[PDB]
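Down below is the structure, laid out as structure tokens.
In this analysis, Cβ positions are derived from the backbone assuming ideal geometry, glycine residues included, and neighbour counts consider all displayed protein chains. Every number in this text was worked out from the coordinates using simple rules, so none of it is lab data.
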Amino acid sequence: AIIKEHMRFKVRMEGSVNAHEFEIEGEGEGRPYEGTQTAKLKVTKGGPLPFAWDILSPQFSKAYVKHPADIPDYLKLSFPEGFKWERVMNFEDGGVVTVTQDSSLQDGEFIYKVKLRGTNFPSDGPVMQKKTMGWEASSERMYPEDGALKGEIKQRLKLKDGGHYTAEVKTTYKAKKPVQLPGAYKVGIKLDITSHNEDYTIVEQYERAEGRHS
């Protein structure tokens, strides 16, 4: 009842990647029970970014995951208070992205606050050279542990000139109040940049996500 079949969100990210500082603000919408959403993001400080948007895109929304009714939808249940998440992405060439996020339901919309630090991306690698071309579909393996929900992904980025570039990703998602944790399951996810201006200072993205038994 709290979360409707259509919901909007607002997001702000403060970040740095290889010490380049920036800020992004955006607005999103979607169908939380159907697992679909879009957002429009704007670089408000530090633009144009001297690195691939694709490392930022997975940081812009776990209320919008379709769940069968027999898999507790822990992150939906956490509202209106919401939940926090912390993520590390370890890329194959030594690049690292660490992310901290707070999610809540305020004034009838989800509110997302994100802090991101990317480090040790090779200056001539595909991230800093903007040679990426979007994420392949992911399977995030979920399981509860120590009163939180953990997810693991072998996440694969397509490169413009061919081939993939991979990160090992671990995330912990923790509700701000004790609500029912699920058992082990998997979430199939596909994220796409659907529109962008030439320098990626304005970007729209779409994501579909659906949980299923292992």
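Table for the structure above
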| item | result |
| --- | --- |
| Qualifying residues in the range 181-211 (those that are over 19 Å from the mean Cα position of the chain (by Cα) and over 22 Å from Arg87 (Cα atoms)) - the one surrounded by the fewest Cβ atoms within 10 Å (Cβ to Cβ) | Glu198 |
| Hits in the range 152-180 - residues which are surrounded by 16 or more Cβ atoms within 10 Å (Cβ to Cβ), farther than 18 Å from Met133 by Cβ and within 20 Å of the chain's Cα centre (by Cα) | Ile153, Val169, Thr171, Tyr173, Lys174, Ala175 |
| Tally, over the range 154-181, of residues that are of a type outside the set (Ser, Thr, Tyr) and either closer than 30 Å to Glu198 by Cα or in contact with a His (Cβ under 8 Å, 6 or more places away or on another chain) (or both) | 14 |
| Residue list for the range 172-214, restricted to those being among the small types (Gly, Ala, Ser) and either in a strand (DSSP E or B) or closer than 23 Å to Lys42 by Cβ (or both) | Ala175, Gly188, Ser195, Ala209, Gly211 |
| Failed item, numbered, when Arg141 is tested on (1) crowded, with 16+ Cβ neighbours inside 10 Å; (2) in a strand (DSSP E or B) | (1) |
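For every residue, the table says whether it meets (1) under 19 Å from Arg208 (Cα atoms); (2) in contact with a helix residue (DSSP H, G or I) (Cβ under 9 Å, 6 or more places away or on another chain); (3) among the hydroxyl-bearing types (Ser, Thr, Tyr).
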position	(1), (2), (3)
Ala69	yes, no, no
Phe83	no, yes, no
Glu86	no, no, no
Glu92	no, no, no
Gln101	no, yes, no
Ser104	no, no, yes
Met128	no, no, no
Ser138	yes, yes, yes
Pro144	no, yes, no
